[PDB]
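Shown here is one chain on its own, the form deposited in one PDB entry, set out as structure tokens.
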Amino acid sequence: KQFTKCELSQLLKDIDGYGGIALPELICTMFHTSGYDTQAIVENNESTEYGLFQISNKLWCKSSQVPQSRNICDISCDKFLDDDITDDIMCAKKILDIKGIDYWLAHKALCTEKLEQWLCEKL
């Protein structure tokens, strides 16, 4: 499941304003982060990041790769690879609450201006 800009927008609509974050800027961040793909898996040394919001097994979810993980979202990382983003949103709201929008590098780099394009058209 790879969403289009409008699909995701409607799904995340209730969340505009959460953490002081504007929906378009979150839309832009996700675009450069996973391309709105619920199956994105990105790996490196000490870790792997999962799904839509690219949540890290290093601190946020539990995976056999990093057994010492604090597992802040009390959930295994496979739950971020399925079609239901409900739980991904709950963990992401946790990240926003604790760390802030800066968890995602793409926000400060490409999502603080030219936001008009990240707005949904009409279906």
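Whichever C-alpha set is largest while still superposing within 1.5 Å between the two forms counts as the rigid core. Don't overthink the numbering: it's just position in the shown sequence, from 1.
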Taking the mean of the C-alpha B-factors per stretch from the entry, tell me the winner out of 17-25 and 105-113. 17-25
If you average the CA temperature factors over each stretch, which comes out higher, 26-34 or 41-49? 41-49
Based on the PDB record, which member of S69, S76, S56, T86 exhibits the highest Cα temperature factor? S69
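The following text describes the form deposited in another entry, which does not appear among the structures shown.
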Under a superposition restricted to the rigid core, does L11 display a Cα displacement of 2 angstroms or more between the shown form and the other one? no
Might you say whether the CA atoms of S9 and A106 end up closer or farther apart in that other deposited form than in this form? Their distance differs by 3 Å or more. farther
Shorter or longer C-alpha distance for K99 and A106 in that other deposited form, given it differs from this form by 3 Å or more? closer
